[PDB]
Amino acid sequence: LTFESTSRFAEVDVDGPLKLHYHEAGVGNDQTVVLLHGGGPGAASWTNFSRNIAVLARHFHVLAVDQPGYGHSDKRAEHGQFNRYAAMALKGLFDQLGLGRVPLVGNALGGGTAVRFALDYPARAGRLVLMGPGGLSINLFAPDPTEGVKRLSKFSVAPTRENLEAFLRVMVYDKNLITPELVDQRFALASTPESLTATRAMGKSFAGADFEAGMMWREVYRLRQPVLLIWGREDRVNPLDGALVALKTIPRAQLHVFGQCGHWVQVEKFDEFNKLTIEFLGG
């Protein structure tokens, strides 16, 4: 499996043509699973889910989608509440690929999109696996914006290598994972004109009139499916206290917390994460 062998594109309608790039693996496997990556500026499906796609592809038909504004998907200069926007694009994709009710795996921003999709199109979403998810989290104890959020904001206003490194360093428990190569790689992608446009778009969406759609903790009591919340104990972006409302109010919720693990669960605990996900999704 390679970036190129799995690469796919699709055009869907979200207030007009919207191009989506995604990776497909495990064709032939009966149960399709959709992965939605995290929200760092230089993040994408392939890099986010490197330690995972090949593994999950052994059991499922994997569709790893680049969310609008990331990777090789369209990067519009404007949009509404981001999760609702990305949800609309996923719906377009689902319809185009003839998918019915499919399970979703999403981390951080991508978890927020998974949930918004599950609420907006309740019939199309199966079991959910959510790693340090945004949107349904509400930080009962941590002052907002968190360190992780603030660091992303700083890079958004001052796109320097120094600021990106500082940001990345609060993504993980083992800061040794933030190597010069990783920093340089993410920075090349995060600082392109298009990524900056995406960032400026994200910023302006924050102050829209549809902010309620992002406050998903008020709604998840409506979800009828099994939901596996997965958290790194040392998550500094969406901290562990953010798990509580969702654990309490989602009827068929479960929670797994890994000690010695940060915001990037799929990386720092890739083996443990892969195994939980396979078992959960009935594979």
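Numbers follow the displayed sequence, beginning with 1.
Participant: If you take the mean CA temperature factor per stretch, which one wins between 35-43 and 253-261?
Facilitator: Stretch with the greater average CA B-factor: 35-43.
Participant: Quick one: higher average CA temperature factor, 221-229 or 50-58?
Facilitator: According to the entry, 50-58 carries the higher average C-alpha B-factor.
Participant: Check the PDB entry and point out which of 137, 195, 83, 146 has the largest C-alpha temperature factor.
Facilitator: Across 137, 195, 83, 146, the entry lists the biggest C-alpha B-factor for 195.
Participant: Tell me which of 201, 118, 182, 164 tops the list for C-alpha B factor in the record.
Facilitator: Answer for 201, 118, 182, 164: 201, with the highest C-alpha B-factor.
Participant: Would you mind ranking residue 69 by its C-alpha B-factor against the rest of the chain and naming the third, lowest, middle or highest?
Facilitator: Answer is middle: the recorded C-alpha B-factor places it there.
Participant: Relative to the other modelled residues in the chain, which third contains the C-alpha temperature factor of residue 93: lowest, middle or highest?
Facilitator: For residue 93, the deposited C-alpha B-factor lands in the middle third.
Participant: Split into thirds by Cα B-factor across the chain's modelled residues, where does residue 141 land: lowest, middle or highest?
Facilitator: As the PDB entry reports it, the C-alpha B-factor of residue 141 lands in the lowest third of its chain.
Participant: Split into thirds by Cα B-factor across the chain's modelled residues, where does residue 169 land: lowest, middle or highest?
Facilitator: Residue 169: CA B-factor falls in the middle third of its chain.
Participant: Which third, lowest, middle or highest, does the C-alpha temperature factor of residue 75 belong to within its own chain?
Facilitator: It belongs to the highest third of the chain when residues are ordered by C-alpha B-factor.
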